[PDB]
Every structure is written in structure tokens, then in C-alpha cells.
Amino acid sequence: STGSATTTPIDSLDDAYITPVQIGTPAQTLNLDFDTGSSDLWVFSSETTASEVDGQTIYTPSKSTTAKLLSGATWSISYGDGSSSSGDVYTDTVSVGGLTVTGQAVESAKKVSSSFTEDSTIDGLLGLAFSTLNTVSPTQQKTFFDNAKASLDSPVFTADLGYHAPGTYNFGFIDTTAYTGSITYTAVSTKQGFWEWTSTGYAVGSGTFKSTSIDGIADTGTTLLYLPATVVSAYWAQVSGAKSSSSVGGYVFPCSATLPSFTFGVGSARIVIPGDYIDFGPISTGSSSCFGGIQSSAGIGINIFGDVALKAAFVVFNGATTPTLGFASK
């Protein structure tokens, strides 16, 4: 089997991407944030504290003939950005782009933090990291991908995120029309539960490539590119007037700037992030200070190849017995 679904930016900045997901019988379609940095499929629901729902579409398990309470199971998750959610668990039928999993754990939110409430466009998350990170207790649950894997034509999924445009998540096949050149594969460590890999270096604009190992995670659920302070300083030094602002929470730059590109290495291959992908617009409405899309990972504890990086590539998440990651230009 295979599946193919379009993923759409939630706003004009590509702050996140939503993908329609069918849950239950008859189908209830929710728009979920596919997150290769976490491993829970959770949804706004009829159980979510009413004051914490503001415009989201909810899953109502009592209206699904295939929903079953997973008795005694609870979940609770906290994300890198400080947001959180928790609740109880159902199993139900879940379909993405025509690919169906029966008995998928659907984690129903009883509580969500303010950042989730305030984002009316995101109805929940669909985790695509390794199932070892799943938070369900006392019996850990599998991700949608882990459940689908054996049935797929090939044990892979791909992320093809657009810049200010829709893109695609495919399951079970590699669309050879969706990228240029070849796909370069690179080793993955699953030790921390992430799609963790080592970039071979970087360049800023038309500058020379610096060969240096940068360990980080491929994370579709993180908006920006978070890299070591040395790398980030070297980038922003090429933008007149750019500075790190403790009050804003990162590097800002004059909205009048033209940003240089940023290149990262994948083995001997190179992925080029155009400068415009690094512009996240005014820090507040009407400001001439703009927020940068490359930020320091210092104090996160890990480097994160988030959407800024991933949307410059066609990315293969290879879930073979020994997982690997592939990157192609597009």
C-alpha cells in the first residue's frame, strides 16, 4: 500500500504545515501537524476543556463506530517550545492520503496549553519520530508510520514541504518526479528517538564550504533551523545590522536586508536554502525589525533541522531495519 497527502502552510510565514487526516467511522477529518520530532498522535476532542478550544475541529469518539477506549491509558507531552497537552486514549481507524491503519492509538486531549488553543488552524499532531518516544502510559503505543510500515510497498515516508506553497507527504514510495538529481542517504542514530544525523558542514552565501560535523535532528514540527552559535554567528555577520536580541529571543535583522543563502552538507552533497526562506517577517506588526530563520541551538541541547532547512529539500525518512535519511535538491 501507499498514501499521498498534501500539506499546507498554516500562514504566510510557513510557521507550520497541516495535513488532513481521516479518523473514525464515518470519517472525521482533522488537520494535523505532522511532526518527525515527536511520536504521539493527539487531537483536540469532545473531551478537551471547553475554554481551551478556540476554532479547532474536534474528534468525537462517541460518534465513531470503530472507536474503542484504551482502558487505563493516559498521555502527557511537553514540546521544545514549552507547549504541552495531555489526556486519555482511544484506538480507531486512521487514514492519511488513502493509506489506512486500523487500531491506531488516537490520543484525545483533555488539556492543551495556550499556544495550542491560540492556533485555530492546528487540530492536533501526528508524530513520526520513533515509537520509543511515545508518551502513552502504562502501555507505550506505536506511531502511524510504525503501524503502517509492514503494509507499505517500501518502509519509507517522504517530506516535500513547500516555500509559501503546499507540498506533499508520501508513505510507502519515493516519487522520482519530485526532486532533481540524486538522493544522498546518510546514517541515522535512533538512540534519542529522533531522526538524528550528522551534516558534513555549511556555507554562507557564495562563501567557501566549511567541513565540520553537525549532529542534529530532521524535525518537520520545528519551524526554524537551530544550529551551533558559531555557525549562526557566521551567517548573521553577513547581514548588515543583524544582531542577537535577548528581548526578542534571537537574531533579528533589518527588514530592508537581502538575506544570503545557507548551504548544508549531506555527505558530499549540498542543500541550498535560499535567503528568502530565512525571513520570518516583522517581529511585531509594522516593525522594521525582522525575525531570522536561523537561530542558535545553544541551550536547546540539540541542533534542529526544522522546516527552514527541510523545505529546501526532498527528504526521505527510510524506516528499514537500519533507518537512514535521504536528501535531494528539488
# chains A, B, ... in the order shown; residues from 1 in each chain; ligands from 1

call {"tool": "residues_around", "arguments": {"residues": "segment 29-32 of chain A", "least_positions_apart": "5", "cutoff": "8 Å", "atoms": "only C-alpha atoms", "output": "MDAnalysis selection string"}}
result
chainID A and resid 18:23 43 57:59 121:126

call {"tool": "select_by_dssp", "arguments": {"residues": "segment 71-287 of chain A", "states": "strand (DSSP E or B)", "output": "ChimeraX atom specification"}}
result
/A:71-78,84-96,99-112,124-127,137,156-160,167-171,184-187,189,196-204,210-218,225-227,243-245,250-254,262-266,269-273,279-282

call {"tool": "residues_around", "arguments": {"residues": "residue 263 of chain A", "least_positions_apart": "6", "cutoff": "9 Å", "atoms": "only C-alpha atoms", "output": "mmCIF file with N, CA and C atoms, in the first residue's frame"}}
result
data_model
loop_
_atom_site.group_PDB
_atom_site.id
_atom_site.type_symbol
_atom_site.label_atom_id
_atom_site.label_comp_id
_atom_site.auth_asym_id
_atom_site.auth_seq_id
_atom_site.Cartn_x
_atom_site.Cartn_y
_atom_site.Cartn_z
ATOM 1 N N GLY A 201 28.771 19.892 6.981
ATOM 2 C CA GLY A 201 29.261 21.255 7.068
ATOM 3 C C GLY A 201 28.302 22.266 6.504
ATOM 4 N N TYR A 202 28.812 23.466 6.257
ATOM 5 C CA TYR A 202 27.954 24.540 5.801
ATOM 6 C C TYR A 202 28.714 25.593 5.015
ATOM 7 N N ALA A 203 27.952 26.400 4.286
ATOM 8 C CA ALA A 203 28.470 27.614 3.674
ATOM 9 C C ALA A 203 27.445 28.718 3.848
ATOM 10 N N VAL A 204 27.924 29.953 3.861
ATOM 11 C CA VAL A 204 27.080 31.141 3.935
ATOM 12 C C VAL A 204 27.176 31.864 2.601
ATOM 13 N N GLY A 205 26.039 32.056 1.944
ATOM 14 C CA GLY A 205 26.026 32.719 0.654
ATOM 15 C C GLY A 205 26.957 32.032 -0.318
ATOM 16 N N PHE A 209 32.825 26.449 1.569
ATOM 17 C CA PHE A 209 32.211 25.446 2.416
ATOM 18 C C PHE A 209 33.158 25.079 3.549
ATOM 19 N N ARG A 270 25.115 18.797 -1.278
ATOM 20 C CA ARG A 270 24.877 20.112 -0.710
ATOM 21 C C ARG A 270 23.420 20.494 -0.939
ATOM 22 N N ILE A 271 22.760 20.990 0.104
ATOM 23 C CA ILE A 271 21.404 21.525 0.009
ATOM 24 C C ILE A 271 21.495 23.028 0.249
ATOM 25 N N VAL A 272 20.963 23.808 -0.683
ATOM 26 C CA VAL A 272 20.995 25.259 -0.594
ATOM 27 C C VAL A 272 19.642 25.803 -0.156
ATOM 28 N N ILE A 273 19.639 26.506 0.969
ATOM 29 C CA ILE A 273 18.464 27.203 1.473
ATOM 30 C C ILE A 273 18.519 28.641 0.945
ATOM 31 N N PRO A 274 17.606 29.035 0.046
ATOM 32 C CA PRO A 274 17.630 30.425 -0.424
ATOM 33 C C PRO A 274 17.446 31.418 0.716
#

call {"tool": "residues_around", "arguments": {"residues": "residue 225 of chain A", "least_positions_apart": "5", "cutoff": "6 Å", "atoms": "only C-alpha atoms", "output": "NGL selection string"}}
result
:A and (294 or 304-306 or 308)

call {"tool": "atom_distance", "arguments": {"atom1": "atom CA of residue 129 of chain A", "atom2": "atom CA of residue 276 of chain A"}}
result
28.3 Å

call {"tool": "select_by_dssp", "arguments": {"residues": "segment 56-137 of chain A", "states": "helix (DSSP H, G or I)", "output": "VMD selection string"}}
result
chain A and resid 61 to 63 114 to 117 131 to 133

call {"tool": "write_last_selection", "arguments": {"atoms": "N, CA, C and O atoms", "output": "compact mmCIF listing (two decimals), in the first residue's frame"}}
result
# COMPACT_ATOMS: atom_id res chain seq x y z
N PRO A 61 -15.07 10.78 19.77
CA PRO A 61 -15.03 9.32 19.65
C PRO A 61 -16.41 8.66 19.76
O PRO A 61 -16.61 7.61 19.15
N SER A 62 -17.34 9.25 20.49
CA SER A 62 -18.66 8.65 20.66
C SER A 62 -19.43 8.59 19.34
O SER A 62 -20.42 7.86 19.23
N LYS A 63 -19.00 9.36 18.34
CA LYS A 63 -19.64 9.35 17.03
C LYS A 63 -18.96 8.42 16.03
O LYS A 63 -19.37 8.33 14.87
N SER A 114 -1.76 27.08 26.15
CA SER A 114 -2.31 28.25 25.48
C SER A 114 -1.89 28.37 24.02
O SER A 114 -2.69 28.81 23.18
N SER A 115 -0.66 27.99 23.69
CA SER A 115 -0.18 28.10 22.32
C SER A 115 -1.02 27.25 21.37
O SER A 115 -1.24 27.63 20.23
N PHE A 116 -1.48 26.09 21.84
CA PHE A 116 -2.35 25.25 21.01
C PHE A 116 -3.73 25.88 20.87
O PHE A 116 -4.27 25.97 19.77
N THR A 117 -4.31 26.33 21.98
CA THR A 117 -5.62 26.97 21.93
C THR A 117 -5.62 28.13 20.95
O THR A 117 -6.58 28.31 20.19
N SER A 131 8.91 5.23 17.84
CA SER A 131 7.86 4.95 18.81
C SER A 131 8.37 4.88 20.25
O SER A 131 7.58 4.99 21.18
N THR A 132 9.67 4.72 20.44
CA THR A 132 10.27 4.79 21.77
C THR A 132 10.02 6.11 22.50
O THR A 132 10.16 6.16 23.72
N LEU A 133 9.67 7.18 21.77
CA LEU A 133 9.33 8.45 22.40
C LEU A 133 7.85 8.61 22.74
O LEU A 133 7.47 9.61 23.34

call {"tool": "residues_around", "arguments": {"residues": "residue 51 of chain A", "least_positions_apart": "2", "cutoff": "10 Å", "atoms": "only C-alpha atoms", "output": "number ranges by chain"}}
result
A: 48-49, 53-54, 111, 117

call {"tool": "write_last_selection", "arguments": {"atoms": "N, CA and C atoms", "output": "mmCIF file, in the first residue's frame"}}
result
data_model
loop_
_atom_site.group_PDB
_atom_site.id
_atom_site.type_symbol
_atom_site.label_atom_id
_atom_site.label_comp_id
_atom_site.auth_asym_id
_atom_site.auth_seq_id
_atom_site.Cartn_x
_atom_site.Cartn_y
_atom_site.Cartn_z
ATOM 1 N N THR A 48 -11.789 17.771 25.289
ATOM 2 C CA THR A 48 -10.914 18.898 25.591
ATOM 3 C C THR A 48 -11.667 19.973 26.377
ATOM 4 N N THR A 49 -11.070 20.408 27.485
ATOM 5 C CA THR A 49 -11.590 21.509 28.286
ATOM 6 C C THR A 49 -12.123 22.612 27.373
ATOM 7 N N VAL A 53 -10.563 25.298 23.771
ATOM 8 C CA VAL A 53 -10.867 25.113 22.356
ATOM 9 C C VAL A 53 -11.310 26.449 21.776
ATOM 10 N N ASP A 54 -10.657 26.873 20.698
ATOM 11 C CA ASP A 54 -10.972 28.141 20.048
ATOM 12 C C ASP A 54 -10.834 28.011 18.534
ATOM 13 N N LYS A 111 -6.541 18.414 28.082
ATOM 14 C CA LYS A 111 -5.936 19.716 28.351
ATOM 15 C C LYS A 111 -4.922 20.016 27.264
ATOM 16 N N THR A 117 -4.308 26.328 21.980
ATOM 17 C CA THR A 117 -5.616 26.967 21.933
ATOM 18 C C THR A 117 -5.623 28.134 20.951
#

call {"tool": "residues_around", "arguments": {"residues": "residue 185 of chain A", "least_positions_apart": "4", "cutoff": "7 Å", "atoms": "only C-alpha atoms", "output": "PyMOL selection string"}}
result
chain A and resi 324-327

call {"tool": "closest_residue", "arguments": {"among": "A:223, A:287, A:170, A:85", "to": "residue 157 of chain A", "atoms": "only C-alpha atoms"}}
result
A:170

call {"tool": "closest_atom_pairs", "arguments": {"of": "segment 37-151 of chain A", "to": "segment 1-17 of chain A", "cutoff": "12 Å", "atoms": "only C-alpha atoms", "output": "CSV"}}
result
residue,atom,partner,partner_atom,distance
A:94,CA,A:3,CA,11.8
A:95,CA,A:3,CA,8.5
A:96,CA,A:3,CA,6.2
A:97,CA,A:5,CA,4.4
A:98,CA,A:3,CA,5.0
A:99,CA,A:3,CA,4.5
A:100,CA,A:3,CA,8.3
A:101,CA,A:1,CA,10.8
A:119,CA,A:10,CA,9.2
A:120,CA,A:10,CA,9.5
A:121,CA,A:10,CA,6.4
A:122,CA,A:10,CA,8.0
A:123,CA,A:17,CA,11.4
A:124,CA,A:17,CA,11.4
A:125,CA,A:17,CA,10.5
A:126,CA,A:17,CA,11.5
A:144,CA,A:3,CA,11.9
A:145,CA,A:3,CA,10.9
A:148,CA,A:1,CA,8.8
A:149,CA,A:1,CA,9.4
A:150,CA,A:1,CA,9.3
A:151,CA,A:1,CA,5.9

call {"tool": "residues_around", "arguments": {"residues": "residue 71 of chain A", "least_positions_apart": "3", "cutoff": "9 Å", "atoms": "only C-alpha atoms", "output": "mmCIF file with N, CA, C and O atoms, in the first residue's frame"}}
result
data_model
loop_
_atom_site.group_PDB
_atom_site.id
_atom_site.type_symbol
_atom_site.label_atom_id
_atom_site.label_comp_id
_atom_site.auth_asym_id
_atom_site.auth_seq_id
_atom_site.Cartn_x
_atom_site.Cartn_y
_atom_site.Cartn_z
ATOM 1 N N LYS A 68 -12.592 2.750 20.241
ATOM 2 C CA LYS A 68 -12.623 1.988 21.483
ATOM 3 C C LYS A 68 -11.706 2.662 22.495
ATOM 4 O O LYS A 68 -10.558 2.976 22.185
ATOM 5 N N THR A 74 -3.169 6.815 29.598
ATOM 6 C CA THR A 74 -3.118 8.270 29.600
ATOM 7 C C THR A 74 -1.852 8.709 28.879
ATOM 8 O O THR A 74 -0.952 7.914 28.619
ATOM 9 N N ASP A 88 -6.460 11.174 27.514
ATOM 10 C CA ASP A 88 -6.641 9.727 27.506
ATOM 11 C C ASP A 88 -6.571 9.218 26.064
ATOM 12 O O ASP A 88 -6.190 9.976 25.172
ATOM 13 N N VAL A 89 -6.877 7.946 25.833
ATOM 14 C CA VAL A 89 -6.511 7.320 24.569
ATOM 15 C C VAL A 89 -7.632 6.432 24.055
ATOM 16 O O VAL A 89 -8.210 5.652 24.814
ATOM 17 N N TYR A 90 -7.885 6.529 22.754
ATOM 18 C CA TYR A 90 -8.767 5.631 22.024
ATOM 19 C C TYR A 90 -7.948 4.914 20.966
ATOM 20 O O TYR A 90 -6.887 5.394 20.557
#

call {"tool": "decode", "arguments": {"residues": "segment 150-196 of chain A", "atoms": "N, CA and C atoms", "output": "compact mmCIF listing (two decimals), in the first residue's frame"}}
result
# COMPACT_ATOMS: atom_id res chain seq x y z
N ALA A 150 4.67 -2.32 7.75
CA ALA A 150 4.73 -3.66 7.19
C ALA A 150 3.87 -3.78 5.93
N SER A 151 2.84 -2.94 5.84
CA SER A 151 1.89 -2.99 4.73
C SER A 151 2.34 -2.15 3.54
N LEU A 152 3.27 -1.24 3.78
CA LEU A 152 3.72 -0.32 2.75
C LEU A 152 4.54 -1.04 1.68
N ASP A 153 4.48 -0.52 0.46
CA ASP A 153 5.28 -1.09 -0.63
C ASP A 153 6.77 -1.04 -0.29
N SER A 154 7.20 0.04 0.36
CA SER A 154 8.56 0.23 0.82
C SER A 154 8.44 0.93 2.18
N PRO A 155 9.32 0.60 3.15
CA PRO A 155 9.13 1.10 4.53
C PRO A 155 9.69 2.51 4.72
N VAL A 156 9.08 3.46 4.02
CA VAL A 156 9.56 4.83 3.93
C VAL A 156 8.40 5.81 3.96
N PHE A 157 8.70 7.04 4.36
CA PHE A 157 7.84 8.16 4.05
C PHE A 157 8.73 9.31 3.61
N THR A 158 8.14 10.25 2.88
CA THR A 158 8.88 11.39 2.37
C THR A 158 8.17 12.68 2.72
N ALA A 159 8.98 13.70 2.99
CA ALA A 159 8.51 15.06 3.24
C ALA A 159 9.00 15.97 2.15
N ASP A 160 8.06 16.65 1.51
CA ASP A 160 8.33 17.60 0.43
C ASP A 160 7.58 18.88 0.76
N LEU A 161 8.15 19.67 1.67
CA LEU A 161 7.48 20.87 2.16
C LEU A 161 7.71 22.02 1.18
N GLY A 162 6.68 22.83 0.98
CA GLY A 162 6.78 23.98 0.10
C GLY A 162 7.21 25.25 0.80
N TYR A 163 7.84 26.14 0.06
CA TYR A 163 8.10 27.51 0.50
C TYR A 163 6.92 28.36 0.08
N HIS A 164 6.18 28.83 1.07
CA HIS A 164 5.00 29.66 0.86
C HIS A 164 4.05 28.99 -0.14
N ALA A 165 3.92 27.67 -0.05
CA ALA A 165 3.13 26.89 -1.00
C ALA A 165 2.87 25.52 -0.42
N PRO A 166 1.83 24.83 -0.90
CA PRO A 166 1.62 23.45 -0.45
C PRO A 166 2.72 22.50 -0.91
N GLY A 167 2.79 21.38 -0.22
CA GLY A 167 3.73 20.32 -0.51
C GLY A 167 3.07 18.98 -0.26
N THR A 168 3.87 17.94 -0.05
CA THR A 168 3.36 16.58 -0.02
C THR A 168 4.08 15.72 1.02
N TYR A 169 3.30 14.90 1.73
CA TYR A 169 3.80 13.75 2.48
C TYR A 169 3.36 12.49 1.76
N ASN A 170 4.33 11.64 1.40
CA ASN A 170 4.04 10.34 0.80
C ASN A 170 4.48 9.24 1.74
N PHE A 171 3.72 8.15 1.74
CA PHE A 171 4.02 6.95 2.51
C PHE A 171 4.14 5.76 1.59
N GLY A 172 5.27 5.05 1.68
CA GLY A 172 5.41 3.78 1.01
C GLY A 172 6.07 3.80 -0.35
N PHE A 173 6.41 4.98 -0.85
CA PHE A 173 7.05 5.10 -2.16
C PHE A 173 7.81 6.40 -2.25
N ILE A 174 8.79 6.42 -3.15
CA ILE A 174 9.57 7.59 -3.47
C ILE A 174 9.13 8.09 -4.86
N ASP A 175 8.60 9.31 -4.91
CA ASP A 175 8.17 9.91 -6.16
C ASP A 175 9.39 10.48 -6.87
N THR A 176 9.87 9.75 -7.88
CA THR A 176 11.10 10.13 -8.56
C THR A 176 10.92 11.37 -9.43
N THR A 177 9.69 11.87 -9.57
CA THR A 177 9.46 13.12 -10.29
C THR A 177 9.53 14.35 -9.38
N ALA A 178 9.67 14.15 -8.07
CA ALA A 178 9.53 15.23 -7.10
C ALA A 178 10.85 15.91 -6.71
N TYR A 179 11.96 15.46 -7.29
CA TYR A 179 13.26 16.02 -6.95
C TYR A 179 14.15 16.02 -8.18
N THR A 180 15.24 16.77 -8.10
CA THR A 180 16.22 16.84 -9.16
C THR A 180 17.46 16.07 -8.73
N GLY A 181 18.27 15.63 -9.69
CA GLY A 181 19.48 14.93 -9.36
C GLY A 181 19.22 13.64 -8.60
N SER A 182 20.13 13.29 -7.70
CA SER A 182 20.05 12.06 -6.92
C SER A 182 19.76 12.35 -5.45
N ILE A 183 19.29 11.33 -4.75
CA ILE A 183 19.07 11.38 -3.31
C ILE A 183 20.35 10.89 -2.65
N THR A 184 20.89 11.69 -1.73
CA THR A 184 22.04 11.27 -0.93
C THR A 184 21.54 10.80 0.43
N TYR A 185 21.85 9.54 0.74
CA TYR A 185 21.48 8.94 2.01
C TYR A 185 22.60 9.07 3.04
N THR A 186 22.19 9.20 4.30
CA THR A 186 23.12 9.43 5.38
C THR A 186 22.63 8.66 6.62
N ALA A 187 23.57 8.28 7.48
CA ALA A 187 23.26 7.44 8.63
C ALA A 187 22.40 8.15 9.67
N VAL A 188 21.59 7.36 10.35
CA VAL A 188 20.72 7.84 11.42
C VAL A 188 21.05 7.12 12.72
N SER A 189 21.07 7.88 13.82
CA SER A 189 21.06 7.30 15.15
C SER A 189 19.67 7.41 15.72
N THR A 190 19.13 6.29 16.21
CA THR A 190 17.83 6.30 16.86
C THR A 190 17.95 6.33 18.39
N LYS A 191 19.16 6.54 18.89
CA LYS A 191 19.43 6.46 20.32
C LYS A 191 18.60 7.41 21.18
N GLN A 192 18.26 8.58 20.64
CA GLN A 192 17.45 9.54 21.37
C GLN A 192 16.00 9.55 20.86
N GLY A 193 15.66 8.61 19.98
CA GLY A 193 14.31 8.51 19.46
C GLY A 193 13.99 9.38 18.27
N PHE A 194 14.99 10.13 17.79
CA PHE A 194 14.79 11.08 16.69
C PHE A 194 15.43 10.56 15.40
N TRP A 195 15.08 11.22 14.29
CA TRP A 195 15.79 11.06 13.03
C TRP A 195 17.05 11.92 13.11
N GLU A 196 18.05 11.40 13.83
CA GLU A 196 19.25 12.13 14.17
C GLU A 196 20.36 11.74 13.21
